[PDB]
Amino acid sequence: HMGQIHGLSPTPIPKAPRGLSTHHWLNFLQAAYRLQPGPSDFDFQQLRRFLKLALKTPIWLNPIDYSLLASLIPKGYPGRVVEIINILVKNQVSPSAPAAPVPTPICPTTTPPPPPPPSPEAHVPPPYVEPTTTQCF
């Protein structure tokens, strides 16, 4: 009813304007608009080049998350597209589990303290004498 059954509640269709979602794309257009003063113009070309690229990877679409977009970026990508996205990432300040994308080595897991020596005595014991201890020597 008025949309797609119920009322476009589940929003199955990517709305009418199919363009990397709204707030989603806007998140990219906003930064672009924040940089050089390029109203519309034809700078979106260098952009569509990166977007269309990701399009080849329908893995971020399903989950719909630009978080995977910046990922597609081969860290070093040309154009100032990243320069615009960087404005989005910098707006992350969300450090994720800094441990996973590793082969194995990363840091030593020495959380607990080291074990004692092969002896009961360690801490500077008292001299005293006692009936048991005599020493003599």
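Residues numbered from 1 in each chain as written, not as in the entry; some residues may be left out. Heavy atoms only, no water.

Per the deposited record, determination of this structure is attributed to solution NMR.

Identification of the protein chain as HUMAN T-CELL LEUKEMIA VIRUS TYPE II MATRIX PROTEIN from Human T-lymphotropic virus 2 is taken from the PDB entry. The title attached to this entry in the PDB is "STRUCTURE OF THE HTLV-II MATRIX PROTEIN, NMR, 20 STRUCTURES".

(A) Structural detail: unusual backbone geometry. Phi at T11 is positive, roughly 45°, even though this residue is not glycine. Summarising the element assignment, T11 is placed in the segment before α1 (22–34). Classification of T11 by relative accessible area gives partly exposed; the value is 44%. Residues other than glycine seldom take positive phi values, yet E130 does so here, at roughly 70°. (Helix = DSSP H or I, 4+ residues; strand = E, 2+ residues; numbered from the N terminus. Buried < 20%, exposed > 50% of the residue type's maximum accessible area, 1.4 Å probe, protein only.)

(B) Broad picture of the packing of aromatic side chains. Under the counting rule described, the total for this entry stands at five aromatic pairs. Note on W25 and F44: the rings are 6.2 Å apart at their centroids and 55° apart in plane angle, and the pair reads as tilted. Placement of the pair is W25 in helix α1 and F44 in helix α2 (residues 44–55), with a sequence separation of 19 residues. Look at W25 and you get buried, because its relative accessible area is 16%. Each member of the aromatic cluster is reached from another via a ring pair, and the members are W25, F28, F44, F50, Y66 and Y77. (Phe/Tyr/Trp six-rings, centres within 6.5 Å; stacked < 30°, edge-to-face > 60°.)

(C) Spotlight on the packing of α1 against α2. Interhelical geometry of α1 versus α2 gives an angle of 135° and a closest axis separation of 12 Å. With respect to α2, the element α1 is oriented oblique. The crossing of α1 and α2 is right-handed. Residue-level inspection shows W25, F28 and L29 of α1 in contact with α2, the latter providing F44, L47, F50 and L51. Of the residues contributing to the contact of α1 with α2, the split by class is seven nonpolar, no polar and no charged. (Axes fitted to C-alpha atoms, helices over the stretch in contact; angles between N-to-C directions. Parallel < 35°, antiparallel > 145°, perpendicular 65-115°, else oblique. Left-handed = near helix turned anticlockwise from the far one by under 90°. Contact = heavy atoms within 4.5 Å. Nonpolar A, V, L, I, M, F, W, Y, C, P; charged D, E, K, R; others polar.)

(D) View of α2. Relative to the 16 Å expected for 12 residues at 1.5 Å per residue, α2 spans 16 Å between its end C-alpha atoms, a close match to the ideal helical length. Residues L47, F50, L51 and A54 constitute the buried set of α2. Taken end-on, α2 shows its buried residues confined to a sector of 95°, consistent with a single buried face. In α2, the exposed positions that point more than 90 degrees away from the buried face belong to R48 and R49. Its buried side turned inward, α2 meets α1, α3 (69–72) and α4 (81–89). (Expected span 1.5 Å × (residues − 1). Arc of directions from axis to C-beta.)

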